[PDB]
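Q: model this:
(chains A, B, C, D and E, ligands or ions: 12)
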Amino acid sequence: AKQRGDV
Amino acid sequence: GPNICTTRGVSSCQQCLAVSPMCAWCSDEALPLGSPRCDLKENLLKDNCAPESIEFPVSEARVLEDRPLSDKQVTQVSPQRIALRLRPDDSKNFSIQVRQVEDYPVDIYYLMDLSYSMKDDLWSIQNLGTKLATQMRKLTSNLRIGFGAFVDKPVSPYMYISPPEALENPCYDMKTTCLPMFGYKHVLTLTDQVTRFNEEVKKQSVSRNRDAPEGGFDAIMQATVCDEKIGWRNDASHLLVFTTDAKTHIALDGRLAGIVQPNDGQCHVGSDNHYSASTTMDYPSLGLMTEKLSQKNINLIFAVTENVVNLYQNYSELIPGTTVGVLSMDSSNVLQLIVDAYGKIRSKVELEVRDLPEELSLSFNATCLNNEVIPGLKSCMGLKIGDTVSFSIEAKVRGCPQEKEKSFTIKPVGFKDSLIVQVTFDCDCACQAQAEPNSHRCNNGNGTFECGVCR
Amino acid sequence: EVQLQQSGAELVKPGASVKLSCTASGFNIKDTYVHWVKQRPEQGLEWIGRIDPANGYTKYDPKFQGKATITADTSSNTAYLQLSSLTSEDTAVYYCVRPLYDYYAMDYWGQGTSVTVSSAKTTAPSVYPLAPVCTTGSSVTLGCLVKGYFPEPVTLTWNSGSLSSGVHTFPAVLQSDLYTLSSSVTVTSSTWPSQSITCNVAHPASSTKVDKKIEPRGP
Amino acid sequence: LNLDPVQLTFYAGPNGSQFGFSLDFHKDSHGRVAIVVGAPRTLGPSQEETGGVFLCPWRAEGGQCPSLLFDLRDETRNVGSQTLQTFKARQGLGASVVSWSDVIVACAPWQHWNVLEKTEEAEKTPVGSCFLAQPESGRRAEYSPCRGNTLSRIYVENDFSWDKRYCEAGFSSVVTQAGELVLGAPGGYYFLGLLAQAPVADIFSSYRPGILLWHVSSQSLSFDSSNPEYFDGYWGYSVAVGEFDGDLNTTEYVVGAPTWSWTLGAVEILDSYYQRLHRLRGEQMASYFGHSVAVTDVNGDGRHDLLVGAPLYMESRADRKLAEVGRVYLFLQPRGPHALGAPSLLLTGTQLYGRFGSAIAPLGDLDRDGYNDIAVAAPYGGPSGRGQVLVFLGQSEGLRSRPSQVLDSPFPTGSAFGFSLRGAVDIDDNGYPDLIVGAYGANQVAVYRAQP
Amino acid sequence: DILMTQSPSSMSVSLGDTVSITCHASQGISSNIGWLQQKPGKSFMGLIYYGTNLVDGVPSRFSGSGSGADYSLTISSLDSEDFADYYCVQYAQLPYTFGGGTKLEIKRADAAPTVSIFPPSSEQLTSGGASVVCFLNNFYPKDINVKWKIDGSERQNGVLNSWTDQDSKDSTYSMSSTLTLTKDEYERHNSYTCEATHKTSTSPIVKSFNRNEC
Ligand SMILES: *[C@@H]1O[C@H](CO)[C@@H](O[C@@H]2O[C@H](CO)[C@@H](O[C@@H]3O[C@H](CO[C@H]4O[C@H](CO[C@H]5O[C@H](CO)[C@@H](O)[C@H](O)[C@@H]5O)[C@@H](O)[C@H](O[C@H]5O[C@H](CO)[C@@H](O)[C@H](O)[C@@H]5O)[C@@H]4O)[C@@H](O)[C@H](O[C@H]4O[C@H](CO)[C@@H](O)[C@H](O)[C@@H]4O)[C@@H]3O)[C@H](O)[C@H]2NC(C)=O)[C@H](O)[C@H]1NC(C)=O
Ligand SMILES: *[C@@H]1O[C@H](CO)[C@@H](O[C@@H]2O[C@H](CO)[C@@H](O[C@@H]3O[C@H](CO[C@H]4O[C@H](CO)[C@@H](O)[C@H](O)[C@@H]4O)[C@@H](O)[C@H](O[C@H]4O[C@H](CO)[C@@H](O)[C@H](O)[C@@H]4O)[C@@H]3O)[C@H](O)[C@H]2NC(C)=O)[C@H](O)[C@H]1NC(C)=O
Ligand SMILES: *[C@@H]1O[C@H](CO)[C@@H](O)[C@H](O)[C@H]1NC(C)=O
Ligand SMILES: *[C@@H]1O[C@H](CO)[C@@H](O)[C@H](O)[C@H]1NC(C)=O
Ligand SMILES: *[C@@H]1O[C@H](CO)[C@@H](O)[C@H](O)[C@H]1NC(C)=O
Ligand SMILES: [Ca+2]
Ligand SMILES: [Ca+2]
Ligand SMILES: [Ca+2]
Ligand SMILES: [Ca+2]
Ligand SMILES: [Ca+2]
Ligand SMILES: [Ca+2]
Ligand SMILES: [Mg+2]
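A: Residues are numbered from 1 along each chain as shown, chains lettered A, B, ... in the order given. Ligands and ions are numbered 1, 2, ... in the order given. Below you will find the coordinate block:
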């Protein structure tokens, strides 16, 4: 949810 | 009143047979002078001709090779060899059975998302790949399988471009190592070497980029349109299995990297096996993807993680024929899509004749899955593995060829198997064998005496 | 109009803490870096540190690390400087500062907050008149000596303010915890002692006002 | 209806420059109208692509234009124990251009920026920048609201909040009548997208060369969000301004977010504090609803209407088949404090892959009948696919479904004719507003004059 | 840390003069320098940022120059309001550091001090203390030295001095010196002397009194 990158 | 056998010269037994299949010749010396020697067999016997002395060849068909049809070498045609013996102008029928035993050809090309988000999914996509290979190989011995991988367009802002070390190692700032970023990489051409495919799939590791949506649609387009590179076969079922755990870049996204040139729908891989236009050409649109998938007859399967299933289900509705499965630690869901696809494959049996002599002509009756004799037909459709159809062929000779021994082949289109028909032409009578060179009875410069007659 | 409004003068004891404040007026405190700077007469200007009030991140000169804590509250549009373990070296004027355009500059300053660190108790001054010695010229000089008060300030006038020309009132100086100040007044010899000259000294902290008429010395 | 397609005027830039990617009319203090043209791949003076801007004086015969000079040298500043760096190579100067009063604002959305501190860095990223010019004086200013001096590690420790490193500020732009520059930055906040607003006057008065990081006190940026509907939405891919709350003292912003909500797309109308007043959702995923937005009153009632382009919209056809043609949605503003409803009209492209709705330009009143008109570009439309621009006249009902006129590209395949458009200005002073059309692929601009 | 050395520490100048103040940094600071002004009894106003840029509102007579490690503030045609303190600050590096400052003083003709000596008051003598006060008033330039003697012998401890700023009206300086000793010691001596040394004379100005002599 939080992170919006390629993770 | 009079028949053709008696009213056409008939100076000899050989001429008698040549007139018509219904003609018979009498060699009986006790037969009186009034009676004709060339006649219908009924007439000869009625006129007291000795039954043993009557010459009346019957055309026949003998099976020489009759290996039965295989279940589960592979015999798909039965019989394999027949001997046809024909008298002048006669015909003879024979039967052939054809079975679809061999497995249907299927091409699977596997696209691996090797972006950093896929680190926790890596085992799952390796598992799925090797399961695709191993299990579909059990489903069909004519599987070919290959793969490629993608991340995204290797250009800012998708690509980390600082510090200089980040280019060869995108994970540099996390104090770990991953592979350099790349667009689309063709790794393994469609092959039947399953053990090798499984080895290469297990060697794959992840790279890393910045933004969540990835460049898999570039990979799909290229996997579709690069025929020679990927290795799709003309008469095979084509399945493109695409994996990811994220949303995907779409046409007009490329402008954020300064890329405005529309996708041209052409192959741009070439000899280093990278998509060369990755940094210069925009992502493809759904419509263009649809056009090429259809034009190349490729079936797209989205094998995606549960967080994005709905997304891809929704794209799937905009690319008709596309299906979606769930990528997970379990391969069943995706495998069923392939098995289902395989289950829909149908085949035909279309007989073709090779090396048929000028003098011979054939006619066919097909008995297909409906179990009804369709006369004139020499092909059946809608078969599955295990189904059998049957044909009745009738060969007719034109007169008596001087060749006397010929042969032709009846072969279903796309089968190794065939029926070899050996043809012998039987124009002579048996009584010719003991022709007695010295005339004895003629004695006027005629010579020889056979079947109760002079020249 | 950008204006940094600092809190009032502080009188505080050694070993204690004090917290100064700086309220933004005509702008929002989170707009820029806010710095704190210290000024002393002898040692001059020293940068203490800064805060980004948008996120609370701080930098400090190592000399003040552990003594100074800078904070900010965007709700009240105020920056703060807290000084712990107060010593005599912390007696100084403290300014908050922000740039105009350049992120890194030091362009707008508050009015300053004076901090005095002392153990002294409030003490009223002793006020002494200073008449000349026993030939007289054309002018004469008288004086007033204000000794031993705390804290500053005292106000000193002559003749209740009516004598302002020819006055030199010297800045107070601190001798052993208390302040001393002096003043001189010069007039023509025909003015004094013929007319009354009186020193007026007020020390509000001790609630005291004292008048001292300068009288000629006698035999 | 009455744009002359025979007597065209052509302006041209250098090969490969993308001259025509963006354009606008510029009126000097004397009132003379010229044409500003962006050319984002123009080579700088050291043979590296930097982009550039040209200012074309009106001439019937057209031709070559003078290059409006900007500084193309990279800057470095060692300050505050940090090293600030601007990188202008491949910055795309002229990817957008807009004129206001006597000012030209040309943006470079892919200008890069880094900050170094010992062994750490901010990351070298496309913050974007805009260059502001006042031609009649020579004044120059810049505005780059997304530059920061925060190191990489701090974004990581704060879950990448308020991350403006990939803004691409100036990707889109518009200026209000009062002189507020509004910039779209679709990469803002880790690709949610953001808007940056500042008065032009304050941009000029606060800029000095070499400072690189400076404050514009009057500036106002939109906000970060934890709503996943907004993730990768590219909010600010397109931007426009208009009057949508009935209060003439306030200006409203229109913002395109073409990949909003998992590529459904959206356009939002907002107040100048960035509070949402209305949201218009896209109809079909990946259609790029919000690629273009235009504001103009088309039905003569004095209330601004909204047009939205979805250039990759796929139309349904026989036997469950879909054809990418593009679409344009017309929303007429109703009376009173009421929401915008469903579209009053849908215009749909006819050429496969034509990208109808890729650009939409208010023309003003082309035929002088009392109703304002529009032009819609299909840059790969027409039977040949060379590109087409379609004129629709306004009426009491809104717009006509049938175009009054079709302009076919005069340039060869690949020109992207119509990718940029501007009208509503009378360049030759005949009393009728004219149309300028960019074909960046052919490095040219075509000017069509309206006739009596 | 970067050392900022500012010169001169003061200057005596006139209205209408053009003057320069220099700042030398211990390393190159590439124009990351501000100039600041503090008027008497006031806070600071910023004059220049980033080497040469005037803060909004600042008069055009102020200008900045320099590069590398060496910079200058120039004031063209001094106004009365320009007699103040000026400082440089660098922000090339944290910690920010300041120059020691420059005071602009008003130039005038030299003037000798008027010196006045005062014995202890009777009120003070009753308390047990004795302060002898000497005023050295209205002199120029500012530098001056005071020496106390009791019966000819130089007396150093217990002397407290205070100096005024430059006078608003005549631009002179004044000084106060107080010698405090015990009443006990005070009454053991006769002669009390304050000697002022200033550039206006080679010999000191001596003022004296003998205790109890009227
Ligand atoms: C492919 O399959 C077809 C279908 O089975 C098959 O066709 C047979 O082909 C052979 C020759 O190759 C034919 O043989 C000839 O038969 C002639 C007599 O035919 C008539 O009589 C038939 C029997 O009728 C009775 O029984 C039926 C059913 O029980 C019933 O309906 C009737 O009422 C009646 O009681 C009858 O079926 C047949 O009907 C066919 O023909 C008519 C006319 O064209 C047509 O209208 C029908 O629709 C139907 O197709 C017909 O009424 C016989 O005279 C003939 O003999 C002469 O020629 C031979 C040489 O060819 C000489 O040796 C001889 O001396 C005579 O001169 C010959 O025997 C047979 O009739 C076909 N049967 C059918 C049903 O069509 C093919 O062989 C198959 N092909 C292969 C490669 O396997
Ligand atoms: C893939 O595609 C699907 C199908 O299009 C999307 O799912 C739909 O999402 C839309 C929003 O885009 C939903 O629309 C909402 O419907 C509500 C009523 O639906 C009821 O009935 C359905 C039956 O299918 C139930 O499943 C559902 O739970 C509801 O009980 C409305 O109440 C909503 O109105 C509110 O929002 C709209 C703005 O959209 C406002 O205009 C209204 O005033 C109000 O505030 C809304 O219309 C819809 O429910 C979804 N359909 C289905 C079948 O689930 C997916 O989102 C999409 N996914 C991805 C990843 O792309
Ligand atoms: C084939 O011909 C033979 C004649 O020898 C006949 O008995 C048989 O019914 C025929 N079969 C078919 C399938 O035509
Ligand atoms: C642009 O390039 C083409 C070839 O790609 C060339 O023919 C043409 O002359 C070039 N334009 C100019 C102005 O030189
Ligand atoms: C509009 O409102 C602003 C405050 O929001 C005010 O300053 C301005 O005067 C108003 N203008 C008019 C014409 O009412
Ligand atoms: Ca994952
Ligand atoms: Ca990506
Ligand atoms: Ca409004
Ligand atoms: Ca309207
Ligand atoms: Ca009109
Ligand atoms: Ca015109
Ligand atoms: Mg990923």
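Q: what's the helix or strand for the residue in chain E that chain B sits nearest to?
A: As assessed by Cβ to the nearest Cβ, chain B sits closest to residue E:93 within chain E, at 22.2 Å. Every C-beta, even on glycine, is put in place using the N, C-alpha and C of the backbone. Here residue E:93, judged by DSSP states H and E, is contained in no helix and no strand.
Q: From residue C:59, how far off is the residue lying closest to it once chain neighbours are set aside?
A: Spatial nearest neighbour of residue E:93, chain neighbours left out: residue D:81 (4.9 Å); criterion: Cβ to Cβ, 6 or more residues apart in numbering or on different chains. Relative to residue C:59, residue D:81 is positioned 9 Å away (Cβ to Cβ, to the nearest Å).
Q: Then residue C:49?
A: With Cβ to Cβ as the criterion, residue C:49 and residue C:59 are 5 Å apart.
Q: Name all residues that make contact with residue 25.
A: Since you didn't name a chain, this refers to chain B. B:13, B:16, B:17, B:37, B:38, B:54, B:55, B:56, B:429, B:431, B:451 (Cβ atoms under 8 Å, 6 or more residues apart in numbering or on different chains).
Q: I was thinking of chain C, sorry if that wasn't clear
A: Contacts of residue C:25 (Cβ under 8 Å, 6+ apart): C:1, C:2, C:3, C:4, C:5.
Q: Nearest residue to the third one in space, please, no chain neighbours.
A: Think residue C:3. residue C:25 (4.3 Å).
Q: now do residue C:9
A: residue C:114 (4.4 Å).
Q: looking at the sheet around that neighbour, what are its partners?
A: Under the criterion DSSP bridges, residue C:114 forms beta bridges with residue C:93.
Q: Near ligand 11, which residues of chain B? Just list them.
A: Proximity of chain B to ligand 11 (Cβ under 5 Å from the ion) involves no residue at all.
Q: quick one, helices of chain B?
A: B:13-19, B:41-46, B:122-139, B:165-168, B:194-202, B:216-225, B:227-230, B:286-295, B:309-316, B:332-343 (DSSP state H).
Q: Kindly report the same for the stretch 101-250 of chain D.
A: With DSSP state H, counting those that start in this stretch, the ranges of helices along the stretch 101-250 of chain D come out as D:152-157, D:188-191, D:200-206.
Q: and ligand 8, which of these is closest to it?
A: Distance to ligand 8, taken as Cβ to the ion, is lowest for helix D:200-206 among the helices of the stretch 101-250 of chain D, at 20.0 Å.
Q: packing partners for the closest one?
A: Helix D:200-206 sits against strand D:129-134, strand D:139-143, strand D:180-185, with contacts defined as 3 or more Cβ pairs under 8 Å, 6 or more residues apart in numbering or on different chains; DSSP states H and E.
Q: can you redo those as TSV with distance to residue D:238 and mean neighbour count?
A: Shown next, in TSV, are these (distance: least, Cβ to Cβ, whole Å; neighbours: other Cβ atoms under 10 Å in any protein chain shown):
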stretch	distance to residue D:238	mean neighbour count
strand D:129-134	16	23
strand D:139-143	19	19
strand D:180-185	7	29
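Q: Compare these and give me the one nearest ligand 7.
A: Nearest of those (Cβ to the ion): strand D:180-185, 18.6 Å.
Q: What helices and strands are in contact with that closest one?
A: Partner elements for strand D:180-185 (3+ Cβ pairs under 8 Å, 6+ apart): strand D:172-175, strand D:194-199, helix D:200-206, strand D:238-242, strand D:252-257.
Q: Quick one: name the residues of chain C near chain D.
A: C:27, C:31, C:32, C:57, C:99, C:100, C:101, C:102, C:103, C:104 (Cβ under 8 Å from any Cβ of the partner chain).
Q: so who does the third one touch?
A: Taking Cβ under 8 Å, 6+ apart as the contact definition, residue C:32 lies against C:98, C:99, C:103, D:215.
Q: Got the phi and psi for the closest residue in space to it that isn't next to it in sequence?
A: Distance criterion Cβ to Cβ, 6+ apart; nearest residue to residue C:32, sequence neighbours excluded, is residue C:98 at 4.6 Å. With angles defined as degrees, to the nearest 10, residue C:98 sits at phi -140, psi 160.
Q: so residue C:98 bridges to which residues?
A: Per DSSP bridges, the residues bridged to residue C:98 are residue C:108.
Q: Relative to ligand 9, how far out is it?
A: Computed as Cβ to the ion, to the nearest Å, the residue C:98 to ligand 9 distance reads 47 Å.
Q: And chain C, split by domain according to the record?
A: Recorded structural domains for chain C (assignment: curated CATH domains) are C:1-119, C:120-214.
Q: Looking at the ones you listed, spot the one closest to residue E:86.
A: Among the domains of chain C, domain C:1-119 comes nearest to residue E:86, with 11.6 Å by Cβ to Cβ.
Q: Centre of the chain to the closest one, how far?
A: 17 Å (Cα atoms, centre = their mean, to the nearest Å).
Q: Residue of chain B nearest ligand 9, please.
A: For chain B, Cβ to the ion, closest residue to ligand 9: residue B:252, 29.0 Å.
Q: wait, what's in contact with that residue?
A: B:282, B:283, D:258, D:288, D:291, D:311, D:312.
Q: Which members of the residues you listed are positioned in strands?
A: Using DSSP state E, no member of the contacts of residue B:252 falls in strands.
Q: Between those, which sits nearest chain E?
A: Looking across those and measuring by Cβ to the nearest Cβ, the closest to chain E is residue D:258, at 40.7 Å.
Q: residues contacting that closest one?
A: Contacts of residue D:258 (Cβ under 8 Å, 6+ apart): B:252, D:233, D:234, D:237, D:238, D:265, D:282, D:288, D:289, D:290, D:291.
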